[PDB]
Amino acid sequence: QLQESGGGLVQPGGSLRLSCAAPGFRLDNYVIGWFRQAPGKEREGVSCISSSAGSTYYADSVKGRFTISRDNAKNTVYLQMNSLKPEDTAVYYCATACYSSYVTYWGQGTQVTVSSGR
Amino acid sequence: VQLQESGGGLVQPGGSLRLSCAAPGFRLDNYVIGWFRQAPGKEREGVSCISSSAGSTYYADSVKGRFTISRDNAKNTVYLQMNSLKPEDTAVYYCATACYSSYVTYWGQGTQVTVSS
Amino acid sequence: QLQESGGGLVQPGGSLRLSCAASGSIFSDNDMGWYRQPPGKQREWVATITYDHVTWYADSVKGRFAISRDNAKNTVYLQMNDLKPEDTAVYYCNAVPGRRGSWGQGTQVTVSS
Amino acid sequence: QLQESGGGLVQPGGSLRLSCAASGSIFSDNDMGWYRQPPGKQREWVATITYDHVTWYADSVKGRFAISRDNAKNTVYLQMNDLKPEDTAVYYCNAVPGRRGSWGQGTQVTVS
Amino acid sequence: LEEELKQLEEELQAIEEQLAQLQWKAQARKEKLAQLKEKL
Amino acid sequence: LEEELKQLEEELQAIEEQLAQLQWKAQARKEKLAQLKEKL
């Protein structure tokens, strides 16, 4: 029962900070992975961080722009998204795994929209 | 989501049981499944595990040769067949989509296994 | 531009060490793997090794074969132990998503008595 | 029951291959691992290999060292590449959960 | 294309298999650590 | 007694790290397999 938050609308080239949290459930001991799913497409991996934070992984399409990090004290994993592009529009998801096939529950996700509408 | 254990109960030393792990309407075909047990006042132990493809089975050293794990995707169930029980096998047994307890985020009620005369 | 060597004729229970000379373009920083073509069958994946030496193997060879790489030499190795006649095939090396375009000649491996 | 060899003196950036010859009771079917004891420090775990050749490594050495085993010779090997001064220690091999009192003389490795 | 496909599938199955094997390894090592702490 | 403890912790953490790494490799391969399937 992880809940994603952050995200909304941003101009192309702008930035957002997604956060992953689970009130009352200590994440210190969990791999945390970020996935995203764009319109009509299949869900794909974005980044994830090992329990100890000694290791971070990033999808190639996103290397150099995104940064994943966590704080045990705040019990949150964060994903900093810089230089956002239209192609990054998607629902972003949080899970205790880097491998989508390991995930048993998907959140509501949080919507990220990159556009020059507003 | 919500795996349910069944098949537990009482047996005399040397008896047998088939524990079942099921999750109505939720296909396990693509999941590792692992059986754990927890005895009174002791810490939760791994018992057995079976891979998604069923190509691989693992067993706690203590239970080697007595228990067998198997899965039937058609019945959407993983079984743990337990033979030759001994009084140290008394514990609440638990089901999960992982072999590693630390990966497990929700534990069932379990099913109680008590073995003694 | 892959060139494998080291195969040959061996008896059941024997050993072999295959070698693969890689281009450095194909090799450097990429996962490398061994494949094989048994007689009358299709070319199958056998083992994979990452740049930092994480390995995995097909079901039929796990526990008997061991893959390794020399990052200074752009070379990949397959140590084959406890060989069985089923292991008779032509062996090829490549990057793990194999390059449809470039397959070296392979190295013939025969097991029988 | 354990026999380590292959250490010595090496330049930064160099290579070494350690060997550990074990008796069949220690080795056959058991995970084997290499440990190292840096000067004035406590003995630390470094890498592990299972009987079926699954490996894993400590952070400080992952990607530079490669552990392997020869099941027919009951021998464990540690290929050390891109060596750094930090790697200087006495290296020891043992069955994977290393048991106190069951250690060998080790092999000293010095880098500079 | 078909040949490349069976290779991807067969290898992915091998990776999932090693994950299971490594999970069990961690569980076993986790338990061995618990016993050592209580042997105290 | 103290030594064996850090060795276990240290090695268990290393296993968890490889699990995460292999998890990530699996996702990458699963995705590559989907793209191949769509190319058919």
# chains A, B, ... in the order shown; residues from 1 in each chain; ligands from 1

call {"tool": "residues_around", "arguments": {"residues": "stretch 53-68 of chain C", "least_positions_apart": "3", "cutoff": "8 Å", "atoms": "only C-alpha atoms", "output": "number ranges by chain"}}
result
C: 33, 45-50, 76-83; D: 51-56, 63, 66; E: 10-11, 14-15, 18

call {"tool": "interface_residues", "arguments": {"of": "chain E", "to": "chain A", "cutoff": "12 Å", "atoms": "only C-alpha atoms", "output": "list in words"}}
result
residues 12, 15, 16, 19 and 20 of chain E

call {"tool": "interface_residues", "arguments": {"of": "chain B", "to": "chain E", "cutoff": "10 Å", "atoms": "only C-alpha atoms", "output": "PyMOL selection string"}}
result
chain B and resi 30-34+43-61+98-103

call {"tool": "atom_distance", "arguments": {"atom1": "atom CA of residue D:107", "atom2": "atom CA of residue D:8"}}
result
7.7 Å

call {"tool": "closest_atom_pairs", "arguments": {"of": "chain D", "to": "chain A", "cutoff": "12 Å", "atoms": "only C-alpha atoms", "output": "tab-separated table"}}
result
residue	atom	partner	partner_atom	distance
D:58	CA	A:54	CA	11.4
D:59	CA	A:54	CA	8.5
D:60	CA	A:54	CA	11.1

call {"tool": "write_last_selection", "arguments": {"atoms": "N, CA and C atoms", "output": "PDB file, in the first residue's frame"}}
result
ATOM      1  N   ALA D  58      31.709  -8.254  -2.164  1.00  0.00           N
ATOM      2  CA  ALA D  58      31.612  -7.062  -1.332  1.00  0.00           C
ATOM      3  C   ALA D  58      31.608  -5.822  -2.209  1.00  0.00           C
ATOM      4  N   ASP D  59      31.062  -4.715  -1.696  1.00  0.00           N
ATOM      5  CA  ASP D  59      31.010  -3.534  -2.553  1.00  0.00           C
ATOM      6  C   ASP D  59      32.391  -3.097  -3.005  1.00  0.00           C
ATOM      7  N   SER D  60      33.347  -3.047  -2.081  1.00  0.00           N
ATOM      8  CA  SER D  60      34.656  -2.482  -2.376  1.00  0.00           C
ATOM      9  C   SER D  60      35.401  -3.242  -3.465  1.00  0.00           C
TER      10      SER D  60
END

call {"tool": "calpha_fit_and_write", "arguments": {"fixed": "chain F", "moving": "chain E", "output": "PDB file with C-alpha atoms, in the first residue's frame"}}
result
ATOM      1  CA  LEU E   1      31.849 -14.178  17.603  1.00  0.00           C
ATOM      2  CA  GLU E   2      31.842 -10.436  16.792  1.00  0.00           C
ATOM      3  CA  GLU E   3      34.096 -10.994  13.759  1.00  0.00           C
ATOM      4  CA  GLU E   4      31.807 -13.703  12.365  1.00  0.00           C
ATOM      5  CA  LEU E   5      28.904 -11.284  12.854  1.00  0.00           C
ATOM      6  CA  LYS E   6      30.211  -8.413  10.728  1.00  0.00           C
ATOM      7  CA  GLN E   7      30.982 -10.987   8.018  1.00  0.00           C
ATOM      8  CA  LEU E   8      27.383 -12.252   7.999  1.00  0.00           C
ATOM      9  CA  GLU E   9      25.978  -8.713   7.844  1.00  0.00           C
ATOM     10  CA  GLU E  10      28.388  -7.486   5.196  1.00  0.00           C
ATOM     11  CA  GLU E  11      27.647 -10.549   3.045  1.00  0.00           C
ATOM     12  CA  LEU E  12      23.887 -10.360   3.459  1.00  0.00           C
ATOM     13  CA  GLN E  13      24.020  -6.751   2.291  1.00  0.00           C
ATOM     14  CA  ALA E  14      25.908  -7.948  -0.791  1.00  0.00           C
ATOM     15  CA  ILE E  15      23.226 -10.553  -1.514  1.00  0.00           C
ATOM     16  CA  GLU E  16      20.427  -7.984  -1.213  1.00  0.00           C
ATOM     17  CA  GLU E  17      22.448  -5.721  -3.513  1.00  0.00           C
ATOM     18  CA  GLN E  18      22.757  -8.434  -6.162  1.00  0.00           C
ATOM     19  CA  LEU E  19      19.049  -9.199  -5.896  1.00  0.00           C
ATOM     20  CA  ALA E  20      18.315  -5.554  -6.763  1.00  0.00           C
ATOM     21  CA  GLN E  21      20.793  -5.725  -9.649  1.00  0.00           C
ATOM     22  CA  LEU E  22      19.232  -8.963 -10.925  1.00  0.00           C
ATOM     23  CA  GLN E  23      15.696  -7.610 -10.571  1.00  0.00           C
ATOM     24  CA  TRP E  24      16.641  -4.670 -12.758  1.00  0.00           C
ATOM     25  CA  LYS E  25      18.280  -7.070 -15.200  1.00  0.00           C
ATOM     26  CA  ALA E  26      15.045  -9.053 -15.502  1.00  0.00           C
ATOM     27  CA  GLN E  27      13.009  -5.872 -15.970  1.00  0.00           C
ATOM     28  CA  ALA E  28      15.357  -4.722 -18.722  1.00  0.00           C
ATOM     29  CA  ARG E  29      15.307  -8.137 -20.400  1.00  0.00           C
ATOM     30  CA  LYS E  30      11.490  -8.285 -19.981  1.00  0.00           C
ATOM     31  CA  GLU E  31      11.143  -4.947 -21.805  1.00  0.00           C
ATOM     32  CA  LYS E  32      13.574  -6.011 -24.552  1.00  0.00           C
ATOM     33  CA  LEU E  33      11.348  -9.091 -25.082  1.00  0.00           C
ATOM     34  CA  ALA E  34       8.196  -6.971 -25.318  1.00  0.00           C
ATOM     35  CA  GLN E  35       9.713  -4.746 -28.028  1.00  0.00           C
ATOM     36  CA  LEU E  36      10.854  -7.763 -30.013  1.00  0.00           C
ATOM     37  CA  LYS E  37       7.368  -9.323 -29.905  1.00  0.00           C
ATOM     38  CA  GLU E  38       5.805  -6.102 -31.210  1.00  0.00           C
ATOM     39  CA  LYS E  39       8.557  -5.653 -33.822  1.00  0.00           C
ATOM     40  CA  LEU E  40       6.923  -8.826 -35.242  1.00  0.00           C
TER      41      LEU E  40
END

call {"tool": "atom_distance", "arguments": {"atom1": "atom CA of residue D:34", "atom2": "atom CA of residue D:96"}}
result
8.2 Å

call {"tool": "residues_around", "arguments": {"residues": "stretch 101-104 of chain D", "least_positions_apart": "3", "cutoff": "8 Å", "atoms": "only C-alpha atoms", "output": "MDAnalysis selection string"}}
result
chainID D and resid 2:4 92:94 98

call {"tool": "decode", "arguments": {"residues": "stretch 37-69 of chain A", "atoms": "N, CA, C and O atoms", "output": "compact mmCIF listing (two decimals), in the first residue's frame"}}
result
# COMPACT_ATOMS: atom_id res chain seq x y z
N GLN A 37 3.80 4.41 -16.78
CA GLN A 37 2.98 3.88 -17.86
C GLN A 37 2.35 5.03 -18.60
O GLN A 37 1.55 5.77 -18.03
N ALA A 38 2.67 5.13 -19.87
CA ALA A 38 2.19 6.18 -20.74
C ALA A 38 0.94 5.71 -21.44
O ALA A 38 0.57 4.54 -21.36
N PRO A 39 0.23 6.62 -22.11
CA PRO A 39 -1.08 6.27 -22.69
C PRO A 39 -1.00 5.10 -23.66
O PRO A 39 -0.23 5.13 -24.64
N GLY A 40 -1.79 4.05 -23.38
CA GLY A 40 -1.96 2.91 -24.26
C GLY A 40 -0.75 2.00 -24.40
O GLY A 40 -0.82 1.00 -25.12
N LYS A 41 0.34 2.29 -23.69
CA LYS A 41 1.62 1.60 -23.75
C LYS A 41 1.83 0.72 -22.53
O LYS A 41 1.02 0.69 -21.61
N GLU A 42 2.92 -0.03 -22.56
CA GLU A 42 3.17 -0.99 -21.52
C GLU A 42 4.01 -0.31 -20.44
O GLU A 42 4.77 0.61 -20.71
N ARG A 43 3.86 -0.78 -19.20
CA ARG A 43 4.51 -0.17 -18.06
C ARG A 43 6.02 -0.42 -18.12
O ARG A 43 6.47 -1.54 -18.36
N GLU A 44 6.81 0.58 -17.83
CA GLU A 44 8.21 0.39 -17.94
C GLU A 44 8.95 0.88 -16.78
O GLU A 44 8.48 1.68 -16.07
N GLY A 45 10.12 0.36 -16.57
CA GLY A 45 10.94 0.74 -15.43
C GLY A 45 11.64 2.07 -15.68
O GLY A 45 12.01 2.40 -16.81
N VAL A 46 11.76 2.85 -14.61
CA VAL A 46 12.37 4.16 -14.65
C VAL A 46 13.65 4.20 -13.82
O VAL A 46 14.73 4.54 -14.33
N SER A 47 13.56 3.81 -12.56
CA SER A 47 14.69 3.86 -11.65
C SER A 47 14.32 3.03 -10.43
O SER A 47 13.14 2.79 -10.17
N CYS A 48 15.33 2.56 -9.72
CA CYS A 48 15.05 2.03 -8.39
C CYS A 48 16.33 2.05 -7.57
O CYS A 48 17.44 2.15 -8.11
N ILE A 49 16.15 1.90 -6.26
CA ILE A 49 17.21 2.09 -5.29
C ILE A 49 17.21 0.93 -4.29
O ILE A 49 16.15 0.51 -3.81
N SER A 50 18.39 0.42 -3.99
CA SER A 50 18.50 -0.72 -3.10
C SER A 50 18.23 -0.29 -1.66
O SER A 50 18.22 0.89 -1.33
N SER A 51 18.01 -1.27 -0.78
CA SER A 51 17.62 -0.93 0.58
C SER A 51 18.66 -0.03 1.22
O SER A 51 18.33 1.00 1.82
N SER A 52 19.92 -0.39 1.08
CA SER A 52 20.97 0.39 1.71
C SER A 52 21.29 1.69 0.98
O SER A 52 22.12 2.46 1.45
N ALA A 53 20.66 1.94 -0.17
CA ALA A 53 20.97 3.08 -1.02
C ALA A 53 22.36 3.01 -1.62
O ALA A 53 22.85 4.01 -2.16
N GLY A 54 23.05 1.88 -1.48
CA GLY A 54 24.36 1.75 -2.10
C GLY A 54 24.32 1.63 -3.61
O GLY A 54 25.38 1.70 -4.25
N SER A 55 23.13 1.47 -4.20
CA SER A 55 23.02 1.24 -5.64
C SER A 55 21.75 1.89 -6.18
O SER A 55 20.68 1.79 -5.58
N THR A 56 21.89 2.57 -7.31
CA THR A 56 20.77 3.18 -8.02
C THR A 56 20.79 2.72 -9.47
O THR A 56 21.85 2.52 -10.06
N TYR A 57 19.62 2.53 -10.06
CA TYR A 57 19.56 2.15 -11.46
C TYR A 57 18.64 3.12 -12.18
O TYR A 57 17.74 3.72 -11.58
N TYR A 58 18.92 3.34 -13.46
CA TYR A 58 18.15 4.29 -14.24
C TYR A 58 17.94 3.73 -15.64
O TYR A 58 18.87 3.19 -16.24
N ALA A 59 16.72 3.85 -16.13
CA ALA A 59 16.47 3.55 -17.53
C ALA A 59 17.36 4.42 -18.40
O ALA A 59 17.64 5.57 -18.08
N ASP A 60 17.75 3.87 -19.55
CA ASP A 60 18.65 4.62 -20.43
C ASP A 60 18.02 5.93 -20.89
O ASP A 60 18.70 6.97 -20.92
N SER A 61 16.74 5.91 -21.25
CA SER A 61 16.05 7.11 -21.72
C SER A 61 16.08 8.25 -20.71
O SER A 61 15.72 9.38 -21.05
N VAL A 62 16.43 7.95 -19.49
CA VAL A 62 16.36 8.88 -18.43
C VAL A 62 17.64 9.20 -17.72
O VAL A 62 17.66 10.03 -16.91
N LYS A 63 18.70 8.49 -18.00
CA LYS A 63 20.01 8.74 -17.41
C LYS A 63 20.43 10.18 -17.62
O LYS A 63 20.35 10.71 -18.73
N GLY A 64 20.97 10.79 -16.57
CA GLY A 64 21.43 12.17 -16.61
C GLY A 64 20.38 13.21 -16.25
O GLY A 64 20.74 14.33 -15.90
N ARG A 65 19.11 12.86 -16.32
CA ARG A 65 18.05 13.80 -15.99
C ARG A 65 17.36 13.46 -14.67
O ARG A 65 17.00 14.36 -13.92
N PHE A 66 17.18 12.17 -14.36
CA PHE A 66 16.50 11.78 -13.14
C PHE A 66 17.52 11.40 -12.08
O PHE A 66 18.61 10.93 -12.41
N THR A 67 17.15 11.57 -10.82
CA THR A 67 17.95 11.16 -9.67
C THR A 67 17.03 10.58 -8.60
O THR A 67 16.08 11.25 -8.19
N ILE A 68 17.30 9.34 -8.18
CA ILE A 68 16.53 8.66 -7.14
C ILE A 68 17.31 8.66 -5.84
O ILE A 68 18.53 8.45 -5.84
N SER A 69 16.64 8.87 -4.74
CA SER A 69 17.28 8.90 -3.46
C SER A 69 16.33 8.63 -2.36
O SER A 69 15.19 8.70 -2.56
